[PDB]
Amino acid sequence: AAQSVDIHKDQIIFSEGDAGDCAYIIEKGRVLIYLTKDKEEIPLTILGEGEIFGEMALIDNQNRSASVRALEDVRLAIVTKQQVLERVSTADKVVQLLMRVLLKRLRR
């Protein structure tokens, strides 16, 4: 059962270093991917509706490489490891094979 959550403007959705198991697809609003060094916000990217972030938690098994803050109220679809497996297994044969070898290459 796919799930969604609301997060309010200016909330940090997650931070550089956090453990994470899931990715997020933006259904509403916008987020800023940023790092921080020195006590200084260094922005990388702004993402809006239809876009995914947090994806490396679904692939590898490390921590968040960047922090993400909501620039406005957001509604996020939670993508889990289980859902990925399920969707990939129902997908087109060629798309399957491609995802599977691309996923392997990205792992390392």
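Numbering starts at 1 and follows the sequence shown.
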*Could you check the entry and say whether 35 to 43 or 65 to 73 has the higher mean CA B-factor?*
35 to 43
*Pull the Cα B-factor of residue 56 out of the PDB entry and bin it into the chain's lowest, middle or highest third.*
middle
_residue 5 by Cα B-factor - lowest, middle or highest third of the modelled chain_ = lowest
*Could you say whether, by C-alpha temperature factor, residue 86 belongs to the lowest, middle or highest third of its chain?*
highest
